[PDB]
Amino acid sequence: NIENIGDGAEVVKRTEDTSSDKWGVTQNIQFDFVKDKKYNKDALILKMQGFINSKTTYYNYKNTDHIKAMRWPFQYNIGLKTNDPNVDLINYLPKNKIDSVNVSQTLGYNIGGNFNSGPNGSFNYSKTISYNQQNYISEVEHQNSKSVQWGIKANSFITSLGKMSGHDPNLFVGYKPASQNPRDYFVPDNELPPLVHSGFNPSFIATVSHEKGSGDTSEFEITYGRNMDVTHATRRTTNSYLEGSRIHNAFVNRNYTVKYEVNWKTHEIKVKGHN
């Protein structure tokens, strides 16, 4: 749990695993403390992994028998925040808007406080992210020196019907209903991306600096969750056909938030709370 990355430099590693069956979330956090004699600041690389269940559900609408609903994650939320004035968020990955099916990036470190969030010469330490986001797009929703938040949202779909936007109210609505079971007014699982039928496996990185001797502890709040949309499929007769309608941002910030405290001196980590 201690890796030597060079003369006067080492990485002290800690991990925290925290799950919520209520939110359907697992936070697998890697806390890599960068101890370097040539770097005048405390530094910590946080690798945010785990799982966010999609919580996709299908149900009959009110007292009807012609209207069926699909409650699905329009977006996944991944957020990190500190309330410490002595901490600075110095880099994070992914930085830019990315629609690639797979997101794989590397953070590099070179002795003397040199971080290369660009991916010449080798690194003293590296950390890699890797996640799949088929039909979704990743982009930073918010950033400042104390926080970063990504949105991984429904983007572009090709179902059995054609090329659709993640905002299109007809998205996931079936052409013909299979039965009166509410699932059956919506496209089968092989027409659904994994982020809709199963969930998201996040892989995000953030690096923070801390002014040495300004305080031994800092709190970090990490949030993992979803913004749920509701798609209604209405059976009509022209023999039966389905017409789609959407309640966009039906349930926002359905998130599991965990508060962590790091000790810069002892490299120890506690969980202070969660919802």
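Start at 1 and count along the sequence shown; that's the residue number.
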(request) Note how many residues of the deposited chain are left out of the model between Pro119 and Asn120; the options are none, 1 to 3, 4 to 9, and 10 or more. (result) 4 to 9
(message) I'd like to know the size of any gap between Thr238 and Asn239, counted in deposited residues with no coordinates: none, 1 to 3, 4 to 9, or 10 or more.
(response) 1 to 3
(request) Report the stretch with the higher mean CA temperature factor, choosing between 47-55 and 210-218 on the basis of the entry. (result) 210-218
(request) Taking the mean of the C-alpha B-factors per stretch from the entry, tell me the winner out of 139-147 and 120-128. (result) 120-128
(request) Could you tell me which one of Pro85, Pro177, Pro94, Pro193 shows the highest CA temperature factor in the PDB record? (result) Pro177
(request) Return the residue from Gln30, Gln27, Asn227, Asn40 that has the highest Cα B-factor in the entry. (result) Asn40
(message) Splitting the chain's C-alpha B-factors into thirds, which one does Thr257 fall into?
(response) lowest
(request) Among all modelled residues of this chain, ranked by Cα B factor, put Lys81 in the bottom, middle or top third, i.e. lowest, middle or highest. (result) lowest
(message) Which third, lowest, middle or highest, does the C-alpha temperature factor of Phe74 belong to within its own chain?
(response) lowest
(request) Consider only the C-alpha atoms of the modelled residues in this chain, order them by B-factor as the entry records it, and name the third containing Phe204: lowest, middle or highest. (result) lowest
(request) Please place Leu161 in the lowest, middle or highest third of its chain by C-alpha B factor as given in the entry. (result) highest
